[PDB]
Amino acid sequence: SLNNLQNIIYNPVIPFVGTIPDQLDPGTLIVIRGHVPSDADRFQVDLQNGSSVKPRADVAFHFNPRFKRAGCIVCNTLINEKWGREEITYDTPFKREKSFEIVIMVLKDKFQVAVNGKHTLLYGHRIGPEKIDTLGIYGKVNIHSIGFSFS
Ligand SMILES: CC(=O)N[C@H]1[C@H](O[C@H]2[C@@H](O)[C@@H](CO)O[C@@H](O[C@H]3[C@H](O)[C@@H](O)[C@H](O)O[C@@H]3CO)[C@@H]2O)O[C@H](CO)[C@@H](O[C@@H]2O[C@H](CO)[C@H](O)[C@H](O)[C@H]2O)[C@@H]1O[C@@H]1O[C@@H](C)[C@@H](O)[C@@H](O)[C@@H]1O
Ligand SMILES: [Cl-]
Ligand SMILES: [Cl-]
Ligand SMILES: [Cl-]
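Residues numbered from 1 in each chain as written, not as in the entry; some residues may be left out. Chains lettered and ligands numbered in written order. Heavy atoms only, no water.

The deposited coordinates for this entry were obtained by X-ray crystallography, with a reported resolution of 1.33 Å.

### Structural notes on the environment of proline 93
The topology assignment puts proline 93 in the loop between β8 (87–89) and β9 (99–106). Judged by relative accessible area, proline 93 falls into the partly exposed class, the value being 30%. Look past the residues within four positions of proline 93 in its chain and what remains in contact with it is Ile73, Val115, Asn116 and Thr120. (Helix = DSSP H or I, 4+ residues; strand = E, 2+ residues; numbered from the N terminus. Buried < 20%, exposed > 50% of the residue type's maximum accessible area, 1.4 Å probe, protein only. Contact = heavy atoms within 4.5 Å.)

### Here's the deal with the layout of surface pockets
For the largest pocket, the calculated volume is near 190 Å³. In terms of lining, the largest pocket is formed by 15 residues, of which the most central are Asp46, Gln48, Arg56, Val59 and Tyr138. Taken together, the elements giving at least two residues each to the lining of the largest pocket come down to β4 (43–53) and β5 (56–66). Tallied by class, the residues present in the lining of the largest pocket amount to 7 nonpolar, 5 polar and 3 charged. Roughly 160 Å³ of volume is contained in the second largest pocket. In this structure, the second largest pocket is lined by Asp22, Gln23, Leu24, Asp25, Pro26, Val106, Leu107, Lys108, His125, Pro129, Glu130 and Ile132. (1 Å grid on protein atoms, 1.4 Å probe; cavity = no way out; pocket = protein on both sides within 12 Å on 5 of 7 lines; lining within 4 Å. Points joined across faces, edges and corners; volume = space filled by probe spheres on them. Nonpolar A, V, L, I, M, F, W, Y, C, P; charged D, E, K, R; others polar.)

### Here's the deal with the side chain of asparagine 76
Mapping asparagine 76 onto the fold places it in strand β6 (residues 72–79). On the basis of relative accessible area, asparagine 76 is assigned to the buried category, the value being 3%. Side-chain polar atoms of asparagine 76 contact the backbone oxygen of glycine 84, separated by 2.9 Å. Every residue in contact with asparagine 76, bar those within four places of it in the chain, is listed here: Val59, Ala60, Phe61, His62, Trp83, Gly84, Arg85, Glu86, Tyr123 and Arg126. (Polar contact = N/O pair within 3.5 Å; in protein donor to acceptor, adjacent residues only side chain to side chain.)

### Considering the pairing of β9
Note that strand β3 (residues 29–35) and β9 share 7 bridges and pair antiparallel. Paired with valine 31 across the two strands is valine 103, which belongs to β9. Across 5 bridges, β9 lies against strand β10 (residues 110–115) in antiparallel orientation. Along β10, the bridge assignment pairs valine 103 with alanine 114. In sequence, β9 turns back onto β10 through a hairpin of 3 residues. (Pairing = 2+ DSSP bridges.)

### Topic: the sheet that holds β10
The 6 strands lie next to each other as β1-β13-β3-β9-β10-β11, forming an open sheet whose pairing is antiparallel. Strands with a single pairing partner mark the edges of an open sheet, and in this sheet they are β1 (6–10) and β11 (118–124). The mean inter-strand angle of the sheet, taken between neighbouring strand axes irrespective of direction, is 15°. Pairing of β3 with strand β13 (residues 142–149) involves 7 bridges; the strand directions are antiparallel. (Axes fitted to C-alpha atoms, helices over the stretch in contact; angles between N-to-C directions.)

### Focus: the site of ligand 1
As a matter of local geometry, ligand 1 sits amid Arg42, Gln44, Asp46, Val53, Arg56, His62, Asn64, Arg66, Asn76, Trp83, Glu86 and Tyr138. Measuring from an oxygen atom of ligand 1, one finds a side-chain N or O atom of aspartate 46 at 2.6 Å. Within the contact set of ligand 1, an oxygen atom lies 2.7 Å away from a side-chain nitrogen or oxygen of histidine 62. Burial of ligand 1 by the protein chains amounts to 47% of its free accessible area of 980 Å². (Near = heavy atom within 4 Å. Areas by Shrake-Rupley, 256 points an atom, 1.4 Å probe, with all protein chains shown as cover.)

Listed below in structure tokens is the structure:
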């Protein structure tokens, strides 16, 4: 069949805030396909505990490609409305006016992220992934599809 993923969302409006329909147990995949517009300075994928804006939902994993100068990906965590220490990845595959596929795999102690079929970064858990029930996608990005593979 054409469906290889679960709970697929097509062509969402950005900003997108959606409930993740099952638990992010080890081996679970979040697959996001899209493209970067020509004027993009940044976009982000936020794995959140809820969708509240007061207090702002904890962001277990903020995955934030940035496009100025040489480009990078910034990752961080928001706990009780405060950012932690940034982790910057300098070898970034994202480019303005290009399409991409992000695959986030949840492991026991970290996330692993591949982009366009290549391992890109790790991010150690700072909030237990059991607290994550919401997917936010924000900023200057066009999303074609979101899908899941729940373990
Ligand atoms: C200005 C901005 O884009 N704010 C974003 C916010 O970005 C921060 C995030 O990328 C962190 C990661 O560490 O870095 C911050 O900048 C650092 C900088 O990297 C560092 O060099 C310097 O020394 O310190 C800076 C400050 O710490 C970035 O500012 O990301 C969050 C989370 O995604 C955004 O909030 C979310 O926005 C969406 C809508 O896009 C939605 O509203 C969500 O509910 C919200 O959590 C934030 O967006 C801005 O602020 C929001 C509160 C809201 O007003 C948005 O409309 C606004 O664009
Ligand atoms: Cl913020
Ligand atoms: Cl692990
Ligand atoms: Cl937005």
